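Form deposited in one PDB entry, single chain, as structure tokens, below.
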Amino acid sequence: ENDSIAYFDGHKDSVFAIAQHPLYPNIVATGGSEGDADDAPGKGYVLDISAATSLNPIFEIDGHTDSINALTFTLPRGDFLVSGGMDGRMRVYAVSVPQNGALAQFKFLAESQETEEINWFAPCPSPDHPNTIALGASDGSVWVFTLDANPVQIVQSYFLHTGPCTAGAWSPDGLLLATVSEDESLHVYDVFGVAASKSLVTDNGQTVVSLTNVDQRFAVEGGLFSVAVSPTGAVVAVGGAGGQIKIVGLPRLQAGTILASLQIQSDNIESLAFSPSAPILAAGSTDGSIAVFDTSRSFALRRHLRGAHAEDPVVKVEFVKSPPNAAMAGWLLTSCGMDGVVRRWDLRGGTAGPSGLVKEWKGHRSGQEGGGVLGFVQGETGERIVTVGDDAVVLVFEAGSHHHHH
């Protein structure tokens, strides 16, 4: 019924976004809508989960005149907290986390509003370019900013998509940024100019891969909604309408060709994740299923988990980076859905060539009752999961790998 060990009910309506500090997993920001009126503002909070039953915020994020839709702490060390709204506002806060005193301080620095609606954030993982963030917007544009020193630098502003930019993902080296659109296009941007210097950019001078609706072998009718890049940076996966997934080659810094096409599930692929260390790709669908493909076997189907979240949308799937049982590295997947449940899966099973349900966490309302889980973070080890719900609640769950035996 309710597996949570703590909660936060301060949001007045849908909690759309959540971010976790990269060094301090107890520091989590949540953001969403304060109501359904046309003029309802957005609101965010910063929480300290180490206090985990009712949580009290350590900071409040004000200034958004519409729902907060995106949050991120910057890489590598969370120097900034950035909020992004349906008002197009990007608000930048400096973060200080004193190992001495009672910790976290947050200071507003700047606001940028180059678009009307922010759809997503993705921090750049390049160690060479700290505190760099990308976003995609409803006008199809993709912006890359660096937070340094006019504290907001514009690194890139791209206008290649012609419809809403629905998702973005960096390559692991942080040199490429892959984004997708409702208009069915994929563009992979040479953000820092490295590919251009190696004569690996397309005719438009900006991308290393550009595929659109005119490319018949690529076109996914109804649009693209998710994107993920493999751990070696060798391929990008895009997911879209009708359960379709396309695998496209990237240059290593071969490029732009379709290496595999998939369509096992029946509705929008809303979430895609490559395992960080097992040769598998997981896809979550609006139809409630998760599908697992073997990346070293032409993306053969390993397992089709029908009803992973009943017949409600699978909103997010994400691999546990460093599970307590080191032997399970790369094989443990956490998912959340509009059924109001968070689940974790052991993906070793299935057809691997030459259920797997591990744990369920309940507490949110289902979509049918006005809830649904819209997002989560789970730290490095997956042992503490913090959720955001359409039922305006934030929950904290634990995996309990440490039994504290006597």
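From 1 onward, residues are counted along the sequence shown.
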Subject >> Deposited residues lacking coordinates between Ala326 and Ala327 (none, 1 to 3, 4 to 9, 10 or more) >> reply: none
Original post:
What size is the break between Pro354 and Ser355 in terms of deposited sequence residues left without coordinates: none, 1 to 3, 4 to 9, or 10 or more?
Top reply: 10 or more
**OP:** Tell me which of 115-123 and 94-102 has the higher mean C-alpha B-factor in the deposited entry.
**Re:** 94-102
Subject >> Between 385-393 and 8-16 (mean CA B-factor, as deposited), the higher >> reply: 8-16
**OP:** Between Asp190, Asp87, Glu182, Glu270, let me know which has the highest C-alpha B-factor in the entry?
**Re:** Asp87
Subject >> Deposited CA B-factor, highest of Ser226, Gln254, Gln265, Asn131 >> reply: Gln254
Subject >> Ranked against its chain, the third holding the CA B-factor of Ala219 >> reply: highest
Original post:
Relative to the other modelled residues in the chain, which third contains the C-alpha temperature factor of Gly63: lowest, middle or highest?
Top reply: highest
**OP:** Report the third (lowest, middle or highest) to which the CA temperature factor of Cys336 belongs, ranking only the modelled residues of the same chain.
**Re:** lowest
Original post:
What third of the chain, by the recorded C-alpha B-factor, contains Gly35?
Top reply: highest
Original post:
With respect to C-alpha B-factor, does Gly375 fall in the lowest, middle or highest third of the chain as deposited?
Top reply: lowest
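The same protein also exists as the form solved in complex with a partner chain; that form is not shown, yet it is the one meant from here on.
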Original post:
How about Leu75: is it within 4.5 Å of its partner chain in the entry with it bound, going by heavy atoms?
Top reply: no
Original post:
Just to confirm, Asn268 within 4.5 Å of its partner chain in the entry with it bound by heavy atoms?
Top reply: yes
**OP:** May I ask you to state whether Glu182 is within 4.5 Å of its partner chain in the entry with it bound, using heavy atom distances?
**Re:** yes
**OP:** With heavy atoms only and a cut-off of 4.5 Å, decide whether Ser14 touches its partner chain in the entry with it bound.
**Re:** yes
Original post:
Can you pick the one in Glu117, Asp294, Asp79, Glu318 that has a heavy atom within 4.5 Å of its partner chain in the entry with it bound?
Top reply: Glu117
**OP:** Sort through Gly168, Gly233, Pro313, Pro130 and report the residue having a heavy atom within 4.5 Å of its partner chain in the entry with it bound.
**Re:** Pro313
Original post:
Looking at 356-364, 54-62, 30-38, 340-348, which lies within 4.5 angstroms of its partner chain in the entry with it bound, counting heavy atoms?
Top reply: 30-38
